[PDB]
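Visitor: Quick one: the structure is below, questions incoming.
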Amino acid sequence: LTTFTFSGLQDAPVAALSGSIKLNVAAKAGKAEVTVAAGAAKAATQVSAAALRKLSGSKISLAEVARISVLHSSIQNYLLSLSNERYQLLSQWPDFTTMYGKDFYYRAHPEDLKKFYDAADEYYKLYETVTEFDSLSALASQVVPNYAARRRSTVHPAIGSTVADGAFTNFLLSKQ
Amino acid sequence: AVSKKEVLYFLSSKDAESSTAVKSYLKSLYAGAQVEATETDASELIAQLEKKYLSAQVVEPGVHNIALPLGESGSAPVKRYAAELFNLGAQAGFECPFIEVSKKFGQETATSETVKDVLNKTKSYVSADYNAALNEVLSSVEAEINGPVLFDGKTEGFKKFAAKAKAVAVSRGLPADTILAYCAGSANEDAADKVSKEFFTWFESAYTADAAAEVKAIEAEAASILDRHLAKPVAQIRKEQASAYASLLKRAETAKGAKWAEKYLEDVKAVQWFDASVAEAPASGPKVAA
Amino acid sequence: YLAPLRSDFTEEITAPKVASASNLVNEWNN
Amino acid sequence: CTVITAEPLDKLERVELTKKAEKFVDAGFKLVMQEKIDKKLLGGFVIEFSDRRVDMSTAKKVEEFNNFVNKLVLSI
Amino acid sequence: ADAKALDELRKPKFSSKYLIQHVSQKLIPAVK
Amino acid sequence: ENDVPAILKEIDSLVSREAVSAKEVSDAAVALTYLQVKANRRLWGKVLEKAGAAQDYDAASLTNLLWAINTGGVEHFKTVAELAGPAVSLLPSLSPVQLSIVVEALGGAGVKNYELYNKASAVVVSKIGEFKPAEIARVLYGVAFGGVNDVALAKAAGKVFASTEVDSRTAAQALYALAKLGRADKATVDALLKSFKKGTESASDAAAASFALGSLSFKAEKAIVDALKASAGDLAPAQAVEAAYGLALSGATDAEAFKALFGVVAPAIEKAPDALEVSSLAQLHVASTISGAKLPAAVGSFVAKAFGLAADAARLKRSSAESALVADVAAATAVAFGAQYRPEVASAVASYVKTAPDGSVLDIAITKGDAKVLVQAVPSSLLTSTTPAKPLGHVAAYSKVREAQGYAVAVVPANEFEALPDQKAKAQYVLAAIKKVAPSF
């Protein structure tokens, strides 16, 4: 953000937009009293005209607090979303515990029952390994360093194929 | 601490372990110190080498404060990511990426005289899909002139090569007219602004195109790593990850006296602190002093 | 969670090599 | 000899090249000249004594500098 | 202990920055 | 019955719920900026997290949210730049006041969304008469600080600014936008300085107008300076230093106004020096050299070192055409002082790099006995973008602060220098530059 801002008590929002909180201000000549009402909380303040320009004198400068990195948190977010996409199709597995009764045991060919019990063990393996969410923090660290080396380019970090193509047209089609 | 030349780069950047070092340096200067003499030395190879290896130290934590927009709706998070990387290149001392890779093109082939070696020595910096087409259209103009095309500009063979490679450039889909009119300029500022309002539009399409290609590559690489990971039973996964973590921890603990090893171990202890701080009060997250 | 640290540069500007789409969704549907 | 420079010689760099060249001949030999122009050097000169050559160039300097800076970063 | 700071927590932790500083500290006096 | 931390705890329990649509988070941000909660960072962080996570957006919701992010003084680039997509997809349906607040708040954080700024320029230049000059001043500010050097809406705004009477805040925002754009149009700044006559209700407008009149380097107004000196206890130190810098570059004689501006800066560096950026401390040292007012003994030599730090920082990150430019100017001024061959011009460019006694390293410094002569190159970024092509105020700032060290700066603008076809004409140009300001050389 720039150091000089130019907003406050001019083209200001005049009322609420949600039913969760209420707000209406006092657009008087020199002063302004806000009245914000939010369920079990009630607040009515009295602010000046220049009291909103002194607000943005100090900057908040909000920042992330990450466990490893903000990049590593974004990669772990994508691995969590992909584990959600796989978990959504291990949730449509048919319930096979209803066919564990002995009236299905003895009416079955034996190798088909071997196949069925091994399929149930395979599902328990797949479900125990798709819900190992502690391992995404070490899956994400195998995508990080090649990406960090690709952004550590000798020309520019944000460089790519298209911008280099355009500047090669600009370098070639000019007089040497 | 810093050694008086790294601290001249970290002034405009906003990464934390550079900002706290600059703040401790200004704490040293306000509490009764004199500023050390800036070196009026280091001839041009050492100058650009230390620029290359000193902007690396300010770009490489800057990538880790930039979160990828992996799998989002709309091309505007890609614009967020590319704008963050543009700001990182600005705070790292690099220029606009167009003029930066143009400077690299001029640096690469200062000693090239014909056009075949200007397409050979810039093979690493242009796309091979475009380098093959430029080599084939140059072989076409070579069949036309039956002489090596000279990289001078006033040659008629190079003029026909420019008029053919402009068609090659529009065949790639990128308009050469707005780009050449941008870097060639016009008389009045209004018809320069009308050219810039097309060149910046193509520039945004270009940087968002390769940034979206980068996030698509990371998406597909993460999907391939997960799909090669989900096929394992859980004990194999835990043993492989614990053994890899112990081995790369031994690689750090082996290096005694190295600054990067000590920083590695302090960041490991900070990660364990973050796990403890989310373990103490998981309703709001980590404990931050305020 | 920790990654091996590398200090090396890439001088080439290439396509970022979009890898292959694995067949885990079709194997699990199978 | 046969010198090759990127630029034609000025009358200060000619005297400088003659003074810096006589420590490459093992006598008080009155080394002759044969100025040649090649822009493939990025400045400097390459003296060719027709039995040996001393490469005082700038392009050879930056290529040897690149080889040395590549041989150190693989060792550190 | 706990609730350390803010700029001590804003640090991108496993970025390199020091291996590059190590090679830049042991390369430039060895090449000047 | 009336209590603010109860409603702050209630909003902290409102936003922390998982499902929140755009209207709740927009009104939550408006209610947060209406109570001045700068000491609370976690609540502003949660409301920005849930502003980023939202999907649907109305025009009033996104406008009120961007208004609260802008007016609250919060910088978080990621969530406010992901808002630019909802701004682009809702841009023709935005009200002119709402499009104004949206584009101004997006340009405040410096988002590099060129399609947004091109479409907003075309919208605000096709239908101009619906926009009150506050709205096009906000659009000009947002397109200026948003990374666009657009001149078409600048001229279309200068027409409306020259036609009608505008308010003080609109004129201050407009001149700030022109100062970052780098135009220095006298015909527009005269039409825009006539509104600073009733006295301004806030000192941020007078501070930005003073910094704009300093960076374009015209002159003061003596009532903008008096509106600054009237209650100089309200401005931020990072606002006050750029205000004093804009007064010093226009040559302010109100030394009481400089003491009143330093009366908030010197306690700020007295409490904690580390909060301000080093470019601002360099601007403070420039204002302290031009005005010459007294400063505390711990802060004067401190900003004297800080100007050397910021000067070496700006020289080390050089644009590498300015590197070739100072190499060309140094070769020309070594030809001019006499070196007709390449080894002697090399030996003369090697001996022009003496260090200044505050710690900086000067590119071209010439010495004979008692007198030192510096040559200063102004490539293109420190030039005005208009048709006179004059240097910006940072040039005169650097010249006046080098003249306080014992140098006679001969400024060489590069619109004149690279237009010369040879080396001898460049030597004659730098001889005309140096002999004018120091005839002993």
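No Cβ is skipped: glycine too gets one built from the backbone with ideal geometry, and neighbour counts run over all protein chains shown. What follows draws every value from the coordinates through simple rules; no lab data is involved.
Visitor: Grab the beta carbon distance between residue B:186 and residue A:107, set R0 = 60 Å, and tell me the FRET efficiency rounded to 0.05. Don't jump to the answer; show the numbers that get you there.
Guide: Details: r = 88 Å, r/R0 = 1.46.
Result of the calculation: an efficiency of 0.10.
Visitor: Excluding residue B:6 itself, what net charge comes from residues whose Cβ is under 14 Å from its Cβ, given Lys and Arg +1 and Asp and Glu -1? Mind showing how you got there, number by number?
Guide: On the way: positive: B:4, B:5, B:51, B:52, B:259, E:17, F:317; negative: B:15, B:17, B:36, B:39, B:50, B:60, F:312.
Taking every other residue near residue B:6 into account, the sum is 0.
Visitor: Could you list F:354, F:436 so that the one with the fewest beta carbons within 10 Å of its beta carbon is first and the one with the most is last?
Guide: Details: F:354 15, F:436 10.
Starting with the residue having the fewest Cβ neighbours, the order is F:436, F:354.
Visitor: Summarise the partner chain shielding of D:63-75 as one whole number: the mean count of Cβ atoms from other chains within 10 Å of each residue's Cβ. Intermediate values should be presented prior to the final figure.
Guide: Numbers: counts 0, 0, 4, 2, 0, 3, 9, 0, 0, 6, 8, 1, 4.
Per residue, the number of nearby Cβ atoms from other chains is 3 on average.
Visitor: Helix-only mean residue ellipticity at 222 nm, chain A, DSSP H runs n ≥ 4 weighted -39,500 (n - 2.57), per residue, nearest 500. What is it? Intermediate values should be presented prior to the final figure.
Guide: Values: 6 runs with 66 residues, N = 176.
Taking each H run of at least 4 residues, the total per residue is -11500 deg cm²/dmol.
Visitor: Restricting things to alpha carbons, tell me how big chain A is in terms of Rg and Dmax, in Å.
Guide: Taking only Cα atoms of chain A, I get Rg and Dmax of 30.8, 90 Å.
Visitor: So, by mean Cβ neighbours within 10 angstrom, what's the order for F:124-135, F:201-212 with the highest one leading?
Guide: Working: F:124-135: 16.5, F:201-212: 27.7.
So the peptides F:124-135, F:201-212, ranked by packing, come out F:201-212, F:124-135.
Visitor: If I take all pairs of Cα atoms in segment B:177-290, what percentage of them are more than 17 Å from each other? It would help to have the intermediate numbers written out before the result.
Guide: On the way: 4983 of 6441 pairs.
Percent of Cα pairs beyond 17 Å in segment B:177-290: 77.
Visitor: What is the extension gain from residue F:321 to residue F:294, computed as 0.36 nm multiplied by their sequence separation minus the C-alpha to C-alpha distance, in nm to one decimal? Each step should come with its number before you reach the end.
Guide: Working: separation 27, 0.36 × 27 = 9.72 nm, distance 3.89 nm.
Result: 5.8 nm gained on full extension.
Visitor: Send over the per residue convex hull volume for segment B:113-233, Cα only, as a whole number of Å³.
Guide: Details: hull volume 16.7 nm³, N = 121.
Taking only Cα atoms, segment B:113-233 has a hull volume of 138 Å³ per residue.
Visitor: Restricting to DSSP loop positions (anything but H, G, I, E, B) with no more than 11 other Cβ atoms inside 10 Å of their own Cβ, which GluC sites (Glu not before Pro) remain in segment F:4-49?
Guide: Working: sites: F:10, F:18, F:24, F:49; in loops: F:18.
Here the GluC sites (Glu not before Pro) that fit, given the DSSP loop and packing criteria, are F:18.
Visitor: OK, next. Show me the ranking of peptides B:33-45, A:1-13 by mean Cβ neighbours inside 10 Å, starting with the highest. Present the calculation step by step, with values, prior to reporting the outcome.
Guide: Numbers: B:33-45: 12.5, A:1-13: 22.3.
Most protected by this proxy first, the peptides run A:1-13, B:33-45.
Visitor: Follow-up question, since we're still on this one. With labels modelled as points extended 7 Å from the Cα through the Cβ direction, what inter-label distance (nm, one decimal) is found for residue F:89 paired with residue B:47?
Guide: My value for the distance between the label points is 5.0 nm.
Visitor: Where does chain B land at 222 nm, in deg cm²/dmol rounded to the nearest 500, when only DSSP H runs of n ≥ 4 count, each adding -39500 (n - 2.57), divided by all residues? Mind dumping the intermediate values first?
Guide: Working: 12 runs with 196 residues, N = 290.
It lands at -22500 deg cm²/dmol.
Visitor: Need the C-alpha centroid separation for chain C versus segment D:9-76, integer Å.
Guide: 47 Å
Visitor: Net charge near residue F:144: determine it from the other residues with C-beta under 13 Å of the C-beta of residue F:144, scoring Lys and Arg +1 and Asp and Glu -1. Show your work: numbers first, answer last.
Guide: Values: positive: F:138, F:180, F:183; negative: F:104, F:150.
Around residue F:144, the charge tally is +1.
Visitor: Now for a different question. Over all directions, how big on average is the projection of the convex hull of the alpha-carbon atoms in segment F:254-407, in square nanometres? List each step's numbers first, then the result.
Guide: Values: hull surface 45.4 nm².
Averaged projected hull area, Cα only: 11.3 nm².
Visitor: With the dipole of segment B:235-290 worked out from charges on the C-beta (+1 for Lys and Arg, -1 for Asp and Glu) around the Cα centre, which of B:290, B:274, B:258 lies farthest toward the positive end?
Guide: The one lying farthest along the dipole's positive direction is B:258.
Visitor: Can you tell me what share of the DSSP beta bridges in chain F is antiparallel? A percent to the nearest 5 is fine.
Guide: Values: 6 of 11 bridges.
About 55 percent, rounded to the nearest 5.
Visitor: Largest first and in whole Å, what are the equivalent-ellipsoid semi-axes of segment F:333-396 based on the Cα gyration tensor, each being the root of 5 times an eigenvalue? Mind dumping the intermediate values first?
Guide: Working: eigenvalues 140, 58, 21 Å².
Ellipsoid half-lengths, sorted descending, are 26, 17, 10 Å.
Visitor: Now for a separate question. Apply 1/(1 + (r/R0)^6) to the Cβ-Cβ distance of residue D:42 and residue D:22, taking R0 = 22 Å, and write down the FRET efficiency to the nearest 0.05. Please report the intermediate quantities before stating the final value.
Guide: Details: r = 25 Å, r/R0 = 1.13.
For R0 = 22 Å, the calculated efficiency reads 0.35.
Visitor: Binning at 10 Å from 0, report for segment A:1-66 what percent of all alpha-carbon pair distances ends up in each bin.
Guide: Result returned by the calculation: 17, 38, 34, 10, 0.
Visitor: Right, something else. Name all residues of segment B:229-245 having a backbone nitrogen under 20 Å from the label point set 7 Å from the Cα of residue A:125 along its Cα→Cβ direction, giving them as ranges.
Guide: Under 20 Å, as judged by backbone N against the label point of residue A:125, lie B:229-241 of segment B:229-245.
Visitor: Follow-up. Rounded to the nearest 10 degrees, what's the angle between the helix F:393-402 long axis and the longest principal axis of chain F, both from Cα atoms, 0 to 90?
Guide: Orientation of helix F:393-402: about 50 degrees from the principal axis.
Visitor: How do F:302, B:86 rank when sorted from fewest to most other Cβ atoms within 10 Å of their own Cβ? Mind dumping the intermediate values first?
Guide: Numbers: F:302 24, B:86 21.
Starting with the residue having the fewest Cβ neighbours, the order is B:86, F:302.
Visitor: Can you give me the three principal axis dimensions of chain B from its C-alpha atoms, in Å, biggest first?
Guide: Per principal axis, max minus min of the Cα coordinates gives 75, 62, 42 Å.
Visitor: Could you compute Rg(Cα) / (2.2 N^0.38 Å) for segment F:201-319, with N its residue count?
Guide: Details: Rg = 13.5 Å, N = 119, 2.2 N^0.38 = 13.5 Å.
That ratio works out to 1.00.
Visitor: Please enumerate, by chain and number, the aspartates and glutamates with C-alpha under 19 Å from the C-alpha of residue F:229, excluding those fewer than 8 residues away in the same chain.
Guide: F:201, F:205, F:221, F:242, F:254, F:256
Visitor: Along the positive direction of the dipole of segment F:320-441 (beta-carbon charges: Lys, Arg +1; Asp, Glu -1; about the Cα centre), which of F:338, F:379, F:362 reaches farthest?
Guide: F:338
Visitor: Give me the dipole magnitude in Debye, nearest 20, for chain F about the Cα centre, with unit charges on the beta carbon: positive for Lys and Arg, negative for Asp and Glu.
Guide: Working: 44 positive and 43 negative charges, 258 e Å.
Roughly 1240 debye for chain F.
Visitor: In Å, the Kirkwood hydrodynamic radius of the protein assembly as shown over pairs of distinct alpha carbons?
Guide: Details: mean 1/r = 0.0310 Å⁻¹.
About 32.3 Å for the protein assembly as shown.
Visitor: On to the next question. Which one, F:247, F:313, F:207, projects farthest toward the positive side of the charge dipole computed for segment F:201-319 from Cβ point charges (K/R +1, D/E -1)?
Guide: Farthest along the dipole direction, towards plus: F:313.
Visitor: How much space per residue, in cubic angstrom, does the convex hull of the C-alpha atoms of chain D take up? Show your work: numbers first, answer last.
Guide: On the way: hull volume 8.9 nm³, N = 76.
For chain D, the hull spanned by Cα atoms encloses 118 Å³ per residue.
Visitor: Would you please give the FRET efficiency between residue B:255 and residue B:146, computed as 1/(1 + (r/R0)^6) with r the Cβ-Cβ distance and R0 = 60 Å, to the nearest 0.05?
Guide: Details: r = 62 Å, r/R0 = 1.03.
Once rounded, the FRET efficiency stands at 0.45.
Visitor: Give me F:352, B:207, B:245 ranked fewest to most by other Cβ atoms within 10 Å of their Cβ, as a rough exposure proxy.
Guide: Numbers: F:352 19, B:207 26, B:245 16.
Going from least to most buried by this count: B:245, F:352, B:207.
Visitor: Return the subset of D:20/E:26; B:14/B:103; A:22/F:127 for which the Cα-Cα distance in this structure is over 31 Å, preserving the input order. Mind dumping the intermediate values first?
Guide: Details: D:20/E:26 33 Å; B:14/B:103 27 Å; A:22/F:127 35 Å.
The pairs that break the limit, which is 31 Å between Cα atoms, are D:20/E:26; A:22/F:127.
Visitor: If you take every residue apart from residue D:24 with its C-beta less than 12 Å away from the C-beta of residue D:24, what net charge results, scoring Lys and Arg +1 and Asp and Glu -1?
Guide: With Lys, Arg at +1 and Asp, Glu at -1, the neighbours total 0.
Visitor: Related question: May I have the convex hull volume per residue, in Å³, for the Cα set of segment F:83-200?
Guide: Numbers: hull volume 10.8 nm³, N = 118.
Spread over its residues, the Cα hull of segment F:83-200 gives 91 Å³ apiece.
Visitor: Under a crude label model (7 Å from the Cα following the beta-carbon direction), how far is residue E:25 from residue B:245 in nanometres?
Guide: 2.9 nm
Visitor: Further, regarding this structure: Given the options F:136, F:11, F:224, state which has the largest fluctuation in a GNM of chain F using a 10 Å cut-off (strictly under) for Cα springs.
Guide: Between F:136, F:11, F:224, it is F:11 that shows the largest mean-square fluctuation.
Visitor: Going through the cross-link list F:259/F:400; B:239/B:287; B:23/E:17, which pairs have a Cα-Cα distance over 24 Å in this structure?
Guide: Numbers: F:259/F:400 20 Å; B:239/B:287 32 Å; B:23/E:17 18 Å.
Violating the 24 Å Cα-Cα cut-off are B:239/B:287.
Visitor: Sketch the reach of a paramagnetic label on residue A:42 as a point 7 Å from Cα along Cα-to-Cβ, and name the residues of segment F:1-18 whose backbone nitrogen lies under 19 Å away.
Guide: F:1-11
Visitor: Can you work out the base-10 log of I(q)/I(0) for segment A:56-160 at q = 0.13, 0.25 1/Å, using the Debye formula on its C-alpha atoms alone?
Guide: Ignoring solvent entirely, the Cα scatterers give -0.73, -1.27.
Visitor: Could I ask something else about it? Run through the DSSP bridge list for the protein assembly as shown and note the antiparallel percent, rounded to the nearest 5. All intermediate terms of the calculation are to be shown ahead of the outcome.
Guide: Values: 28 of 35 bridges.
About 80 percent, rounded to the nearest 5.
Visitor: In debye, nearest 20, what is the charge dipole magnitude of segment F:83-200 about its Cα centre with +1 on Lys and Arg Cβ and -1 on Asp and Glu Cβ, if you could check?
Guide: Around 240 debye, computed over segment F:83-200.
Visitor: Under a point-charge model restricted to the Cβ atoms of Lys and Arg (+1) and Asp and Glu (-1), what is the dipole moment magnitude of the protein assembly as shown relative to its Cα centre, in debye to the nearest 20? Write out the running numbers ahead of the final one.
Guide: Values: 119 positive and 118 negative charges, 422 e Å.
For this selection, approximately 2020 debye.
Visitor: Where q = 0.11, 0.14, 0.18, 0.21 Å⁻¹, what log10 of I(q)/I(0) comes from the Debye formula for segment B:1-141, counting one point per Cα?
Guide: -0.64, -0.89, -1.13, -1.26
Visitor: Roughly how many nanometres apart are two label points built 7 Å out from the Cα toward the Cβ at residue F:344 and residue F:38?
Guide: 6.2 nm
Visitor: What percentages make up the Cα-Cα pair-distance distribution of chain F when the bins are 20 Å wide from 0?
Guide: Answer for chain F: a P(r) of 23, 49, 25, 3, 0 percent.
Visitor: Let me have the 222 nm mean residue ellipticity of chain F computed from DSSP H runs of 4+ only, each contributing -39500 (n - 2.57), with the sum over all residues rounded to the nearest 500. Numbers along the way, then the final one.
Guide: Details: 23 runs with 267 residues, N = 441.
When only DSSP H runs of four or more count, the value is -18500 deg cm²/dmol.
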